[PDB]
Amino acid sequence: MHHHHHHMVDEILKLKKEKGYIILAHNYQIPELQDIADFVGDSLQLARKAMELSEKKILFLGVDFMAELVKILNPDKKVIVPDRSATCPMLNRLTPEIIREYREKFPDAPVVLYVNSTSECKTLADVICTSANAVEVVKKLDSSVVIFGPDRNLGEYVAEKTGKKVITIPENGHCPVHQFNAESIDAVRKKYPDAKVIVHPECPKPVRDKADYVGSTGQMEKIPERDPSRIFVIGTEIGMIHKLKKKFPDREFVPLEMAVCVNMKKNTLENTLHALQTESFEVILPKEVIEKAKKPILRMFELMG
């Protein structure tokens, strides 16, 4: 790090301790922010941590739907984010109106919503899932047909793994960050014939099918615990490469392609420091949304164990 960044890092750590904040970050945050965070993980790990933490003030570094999930789980704690416009482009593509439309079209099918969804959409869900637990959650539902959204690729992954009929909504909700080309895997196979290829379930099927492993970022981080490969090629957002290299410094981690989530990068050292200085921006939800959205979130944990 450089002298000017060094100064903000020290101030952030001092303010965090002084004001009683715990700092939660997602795996795609920039390295300088992961390094000042108290806990870094994927959505399921952040959710589980949000139910276990004891601090009264939380600074969340990620995108809005995650921050609001943490707030829904802690309605009486203060949650702040540095930039409220950090979001996911899939959120705008699924709406309460579309969910009601498809409930009417397919009555007697549960609505399973990926965590990358608005909090208002969550109030209409039967259950929430992340990419790590989507297969298990859907498997434990009684119905052989489910409505799933917004991510079509994750829904199709779930249908392959469960054999259930997964009606995805909207027509083509997808993560642009994970739209790798399958040819990139062909190329690394020739360049690194002994490497293992790990990709995200948000990837298109041709990419998933040519990979050695498919999983959430939390699952990716545990693969080198059981796979001795010297080299791993990583098909997810670039911020996870830094996470992996820090945790397993004696392996090599090659990005499948350079892929950057511009929304995840909206959080900087500068606006994270200002957030602690001003205790803003607070994450505020209508009380009815918290009331109704907590039920499908709690159900997600109930269907895991």
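One rule holds for the numbers: they count along the sequence shown, beginning at 1.
Across the two stretches, 64 to 72 and 49 to 57, the PDB entry reports the greater mean Cα temperature factor for 49 to 57. The stretch 134 to 142 shows the higher mean C-alpha B-factor when 121 to 129 is compared against 134 to 142 in the entry. Looking at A37, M240, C261, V254, the one whose CA carries the top B-factor in the deposited record is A37. Which of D212, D194, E225, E171 has the largest Cα B-factor in the deposited entry comes down to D194.
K246: CA B factor in the highest third of modelled residues in this chain (values from the PDB entry). Per the deposited record, the Cα B-factor of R208 falls in the middle third when ranked against the other modelled residues of its chain. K265: CA B factor lies in the middle third for its chain, per the PDB record.
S85 sits in the middle third of its chain by CA B factor, as recorded in the PDB entry. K78: CA B factor in the highest third of modelled residues in this chain (values from the PDB entry).
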